[PDB]
Protein chains: 2
Amino acid sequence: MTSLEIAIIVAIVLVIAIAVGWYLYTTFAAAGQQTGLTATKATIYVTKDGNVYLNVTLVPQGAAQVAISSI
Amino acid sequence: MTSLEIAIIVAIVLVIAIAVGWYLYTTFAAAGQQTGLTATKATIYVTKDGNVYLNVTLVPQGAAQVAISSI
């Protein structure tokens, strides 16, 4: 087909290819941030007056600021 | 044919040829401006008070001012 046609088709083709490629990149960058909490040490402490409190040690697995909902 | 005829025919022929040639040029110049958006980084952010906002990085593919319709 005429070079005009190859011009049009290559333009649209390149736009679509770049879009999909950097879509893959962004999906990878979002999947790499999957995170979660893990505990390495926990011993509930109790005082003489009845006050209790948990003294735990956390380590965030991943690269993010995990949000604690409830204990 | 008589040079009168060749004069007439070459005039009309040259007009038509120039018209079609610069038609091809203008079609190429219009096809070269095919454009589109592409994203390279996107991470939705959320505040403590519930306000959310997307912080994306855009790069226009092509040579034009793309118009965003909806997200």
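Every number here is computed from the coordinates shown, using simple stated rules; none is lab data. For neighbour counting, all protein chains shown are included, and Cβ atoms are generated from backbone atoms with ideal geometry for every residue, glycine included.
General remarks:
- Top-ranked residue in segment B:8-63 [being touching a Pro at 6+ places or on another chain (Cβ under 9 Å) and assigned to a strand (DSSP E or B); ranked as farthest from the other protein chains (Cβ to nearest Cβ)]: B:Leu37
- When segment A:23-60 is filtered for residues that are of a type in the set (S, T, N, Q) and either exposed (fewer than 10 other Cβ atoms within 10 Å of the Cβ) or more than 30 Å from B:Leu58 (Cα to Cα) (or both), the ones remaining, listed by number, are A:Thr38, A:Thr40, A:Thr43, A:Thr47, A:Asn51, A:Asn55, A:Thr57.
- Condition broken by A:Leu4, with the remaining ones in (1) within 13 Å of chain B (Cβ to nearest Cβ); (2) over 30 Å from B:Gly21 (Cβ atoms) satisfied: (2)
- For the residues B:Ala11, B:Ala39, B:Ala64, B:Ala17, the requirement of being more than 13 Å from the chain's Cα centre (by Cα) and within 27 Å of A:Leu24 (Cβ to Cβ) singles out B:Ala39.
- Taking the conditions (1) within 10 Å of chain A (Cβ to nearest Cβ); (2) among the polar types (S, T, N, Q); (3) closer than 30 Å to A:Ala31 by Cβ in turn, B:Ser70 satisfies each one other than (1).
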